[PDB]
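Q: Fold the following, please.
(chains A and B)
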2 protein chains.
Amino acid sequence: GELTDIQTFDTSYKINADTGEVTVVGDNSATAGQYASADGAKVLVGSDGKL
Amino acid sequence: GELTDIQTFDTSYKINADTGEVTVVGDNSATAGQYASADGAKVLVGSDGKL
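A: Numbers count the residues shown, from 1 in each chain, chains lettered A, B, ... in the order given. Please see the structure below:
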């Protein structure tokens, strides 16, 4: 019954197995950047949130 | 009028020109905490650029 080519996100369905977003951590500061299409947007951990 | 043979320690006159100070880069803090003997002195950059 498992859809091989169809996955479900935390919200709905999509054909992506994993988002796999990449976050780069600044060495000189505790700030962690966003290494993706957002391209450096600051990442923060929310209440009961992964990132 | 300077001497290369005999140097002076931060608080004393030591012949050993190099001390090999050991600092640890505090992960998630981005602060080079001291490691050698001060053990967490929280090194700051001096006015001449040295640690």
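
Q: tell me the contacts of residue A:13?
A: If a contact means Cβ atoms under 8 Å, 6 or more residues apart in numbering or on different chains, then residue A:13 has A:6-7 as its contacts. From N, CA and C alone the C-beta is placed, and that goes for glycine too.

Q: same deal with residue A:33?
A: Applying Cβ under 8 Å, 6+ apart, the residues contacting residue A:33 are A:23-26, A:40-43.

Q: Okay, it and chain B: tell me how far apart.
A: 13 Å (Cβ to the nearest Cβ, to the nearest Å).

Q: go on, residue A:43?
A: Taking Cβ to the nearest Cβ, one finds residue A:43 at 14 Å from chain B.

Q: quick one: contacts for that residue?
A: Residue A:43 sits next to A:23, A:32-34, A:51 when contact means Cβ under 8 Å, 6+ apart.

Q: let's see 6 Å
A: A:23, A:32, A:34, A:51 (Cβ atoms under 6 Å, 6 or more residues apart in numbering or on different chains).

Q: That's all I had, so thanks and see you.
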